[PDB]
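Topology and contacts: notes
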Amino acid sequence: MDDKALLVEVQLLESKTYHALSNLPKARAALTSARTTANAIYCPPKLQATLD
Amino acid sequence: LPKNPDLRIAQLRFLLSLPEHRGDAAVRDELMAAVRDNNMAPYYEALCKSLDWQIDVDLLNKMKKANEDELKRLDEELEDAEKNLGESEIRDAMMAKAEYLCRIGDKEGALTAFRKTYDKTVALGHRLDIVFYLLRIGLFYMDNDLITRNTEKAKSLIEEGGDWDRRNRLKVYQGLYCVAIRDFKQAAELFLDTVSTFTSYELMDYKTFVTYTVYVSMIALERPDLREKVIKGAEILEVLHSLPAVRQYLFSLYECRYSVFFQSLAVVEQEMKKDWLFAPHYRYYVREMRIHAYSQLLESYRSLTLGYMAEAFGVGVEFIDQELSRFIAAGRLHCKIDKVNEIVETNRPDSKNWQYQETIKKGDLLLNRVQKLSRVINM
Amino acid sequence: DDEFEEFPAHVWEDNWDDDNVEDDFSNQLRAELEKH
Amino acid sequence: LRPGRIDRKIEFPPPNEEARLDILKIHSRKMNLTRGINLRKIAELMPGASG
């Protein structure tokens, strides 16, 4: 569904929780998914900063 | 796949069939709850016979009648399927019947029904499912002959055509059997190969599987492989975050923190005595892990004083002296004690000396074979 | 081949050290820490 | 293109989703496919795609 910005934020949170749990490959996979979704919509400065 | 039988049942029964833990009544409540839920009248009778329990006739009769009615209706449906429906549904009827026999606890009847279903069925996937039910019965009843025969059957089927999911489930079954028969090396291999894709939730939850993988890997893997595949394992660290004691055990060994390591090994010994699959391995596992810790400490020393060893391991000097003497006598450690002035010299063999000894051993074996062959043939 | 009939006639690779009888390692270590 | 020189002419249309399912099976045989994976769905997702 819609709100791809919320989808990007949730995927970023997934990646961040994987990083905190030490599952680094899964954290990187979630990060890459979040970046792929983010480079298809408007990313406000805050969201772009969080992704970066 | 389904829980049939729930191996938690066997876990509870074994854990109950142990001194100093009989009649705690929590284990008994859990097991009775499961038995009443699944109407295991025959398994209940077997448990009563084994443990000399006060049989509750009132509820036993109800379970017997429920099981008898279920069996009769399943058999009637099977006969109806034979009379009207074709093989495609007769197979399902027999299969459901056999599943119900396993659920109740009719071992021999379930095996016979599954053999008939296997003979009838031609679908490769359903053949694999039957073989996996047989393997789970084998694990539940710890019948090594059936377990190994059905393991070979499953491997043969996979070679004759299989898929990744059944391959992984068979890998987990093989690892469980290896842990049962004390083949921790192969158990480590299988468990680490299937750790990232554990799907067999019918045997044990992912946390228990990860604890087993950690234990077996620690006892089977050298330090480099351990660091590469356990200490640096993403999917193992993720679960070890939830499991704070297994992590302390593993990292106490890895980071050469030996007092904490013996603490963790004692708690592991207790846990894994209580366990049902590792139960006839706790003494051996503790002994081997102690030997691993001693060899690890001595690996970076040429002369280690007993006082320092005792302080490092958080024990006394008599304890370390006795353990070291026992393991050196058994030949498991490369070190010689010196008690008049307490020091543990390290007599590790040089590379060339070890090579010479290996050459002598292997050449002796090969020369014995050559001598036997020559004397067989020259006459 | 020849048979010496003239002379009347755990899956594991178990080890000698396994047969020893001693307290559980947990008990041993508990006593050690207790007295030290 | 005259007959006698080229007696027969075989056209090779792009697969019709059934040939695509066949090609997916052929090229995924040597692969660790997870359960619940639907090569038919992938074939449908690939319209007018060549082998």
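Residues numbered from 1 in each chain as written, not as in the entry; some residues may be left out. Chains lettered and ligands numbered in written order. Part of a larger assembly, values for the part shown. Heavy atoms only, no water.

The deposited coordinates for this entry were obtained by cryo-EM, with a reported resolution of 3.1 Å.

**Some points on the interface of chain B and chain A**
Our working rule: In what follows, a contact means two residues having at least one pair of non-hydrogen atoms within 4.5 Å. A quick way to say it: buried area is the sum, across both parts, of accessible area lost when two parts are put together, with a 1.4 Å probe. Here, a salt bridge means any side-chain nitrogen of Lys or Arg that lies within 4 Å of a carboxyl oxygen of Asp or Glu. Polar contact is defined as a pair of N or O atoms within 3.5 Å, subject to the rule that within protein one atom must be able to donate a hydrogen and the other to accept it, and that residues adjacent in sequence are counted only when both atoms are side-chain atoms.
At the interface, 5 residues of chain B touch 6 residues of chain A. Three residues, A234(B), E238(B) and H241(B), lead the burial of chain B against chain A; their summed loss comes to 86% of the area buried on that side. Taken together, chain B and chain A are joined by 0 salt bridges. Here chain B is connected to chain A by 2 residue pairs in polar contact.

**Side note on the UniProt feature "domain: PCI" in chain B**
Note the following rule: UniProt positions are given in the numbering used here, feature names are shortened, and annotations may be inferred rather than shown by experiment. Working definition: helices are DSSP H or I runs of at least four residues, strands are E runs of at least two. Numbering for both runs from the N terminus.
Under the feature "domain: PCI", the UniProt entry names residues 183-351 of chain B. Between the first and last C-alpha atoms of residues 183-351 of chain B the distance is 29 Å; the span itself is 66% helix and 5% strand.

**Describing the interface of chain C and chain B**
Counting residues at the interface gives 17 residues for chain C, matched by 26 residues for chain B. Carbon and sulfur atoms make up 53% of the surface buried where chain C meets chain B, a total of about 1,800 Å² over both sides. Three residues stand out in chain C for area buried against chain B, namely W12(C), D17(C) and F25(C), and they jointly supply 36% of the buried area on that side. Our enumeration of links across chain C and chain B arrives at 5 salt bridges.

**Some points on helix α16 (residues 282-298) of chain B**
Applied cut-off: Multiply 1.5 Å by the residue count of a helix minus one, and that product is the helix's expected span. Classification of residues uses two cut-offs on accessible area relative to the type maximum, computed with a 1.4 Å probe and protein chains only: under 20% is buried, over 50% is exposed, and between them is partly exposed.
Between its first and last C-alpha, α16(B) extends 24 Å over 17 residues, near the 24 Å set by a 1.5 Å rise per residue. Burial of α16(B) is extensive: 14 of the 17 residues sit out of reach of the surface.

**Digging into the environment of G316(B)**
All names here are of chain B. Looking at where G316 falls in the secondary structure, it is placed in the loop between α17 (306-313) and α18 (317-330). Assessed through its relative accessible area of 1%, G316 is described here as buried. Here the alpha-carbon distance between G316 and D29, two residues 287 residues apart in the chain, equals 43 Å.

**Looking at the side chain of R127(B)**
Residue and element names in this part refer to chain B. Relative to the helices and strands, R127 resides in helix α7 (residues 124-141). Its relative accessible area of 17% is what places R127 among the buried residues. Those residues in contact with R127 that lie beyond four places of it in its chain are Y118, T121, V122, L157 and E160.

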